[PDB]
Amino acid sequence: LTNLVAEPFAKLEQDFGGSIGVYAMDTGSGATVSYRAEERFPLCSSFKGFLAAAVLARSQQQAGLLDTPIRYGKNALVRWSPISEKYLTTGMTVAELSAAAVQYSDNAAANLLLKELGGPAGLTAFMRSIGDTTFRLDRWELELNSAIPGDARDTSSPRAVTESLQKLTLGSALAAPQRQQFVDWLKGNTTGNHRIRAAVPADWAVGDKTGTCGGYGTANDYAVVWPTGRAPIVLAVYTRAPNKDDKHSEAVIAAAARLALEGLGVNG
């Protein structure tokens, strides 16, 4: 049921000047679209969705966790901390940091939550616990964005991203209340309007998390999409490119998402 219908991903990535990796799963039939799906690509900010899921998993055993107030200093506010910079003088709860990390890609929030989990290895351990043997987080914000060709640090594959996203949003890896909270955070993302969402009809529900490393044409998005009248679709689109100064493209990600939906025979 993989690649029943071929799609022109090679031409797409050639025009982009790099590599595109796609995995998309129709959760009704199990049909998939797959292109470079087992190659590694940098996560960039996209690890933050899985980070929030890991925090939610912890919260299943710690009923006070989400409402715990976290204080932080000015040193925590690295580049791109749009929410947490507004609450420097007050603190934020763990849930608020989680929402900020997911929905605004907030970097300080992500580092504070990583600390709660025992760092990159702690998040990696959570991913292992749900059966993801591919994912690895190695570094913190901002160092994890280096996106060096061939470097496996801070990478996963489109396939493992999709598989893990499915388990967490639709499967049983989270308890039901936490599952819905994760979905709701993804649905409220603000940074993805020009990526997978651009390929998804406005009358379908969709949650996503983006990433943009800032070098080597490296950027990404993953999403869970609920078309009306049929089962949900899970998909991941990752890019990279050979040269440090190669620029990412949001349009290329949207285009790849369109091809994936077309390959699944989902009318969009």
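Counting begins at 1, following the sequence as shown.
J.: Comparing 33-41 with 200-208, where is the mean C-alpha B-factor higher?
T.: According to the PDB entry, the answer is 200-208.
J.: So, looking at the entry's B-factor column for Cα atoms, which has the higher mean, 49-57 or 22-30?
T.: Mean CA B-factor is higher for 22-30.
J.: Between 237, 66, 225, 213, which one tops the list for Cα B-factor in this entry?
T.: Of the options given, 66 has the highest CA B-factor in the PDB entry.
J.: Can you work out whether the C-alpha temperature factor of residue 79 puts it in the lowest, middle or highest third of the chain?
T.: CA B-factor rank for residue 79: highest third.
J.: Where does residue 173 sit by CA temperature factor within its chain: lowest, middle or highest third?
T.: Answer is highest: the recorded C-alpha B-factor places it there.
J.: What third of its chain, lowest, middle or highest, does the C-alpha temperature factor of residue 131 fall into?
T.: Middle third.
J.: Among the modelled residues of its chain, does the C-alpha B-factor of residue 163 lie in the lowest, middle or highest third?
T.: CA B-factor rank for residue 163: lowest third.
J.: Once the chain's modelled residues are ordered by C-alpha B factor and cut into thirds, is residue 194 in the lowest, middle or highest one?
T.: Answer is middle: the recorded C-alpha B-factor places it there.
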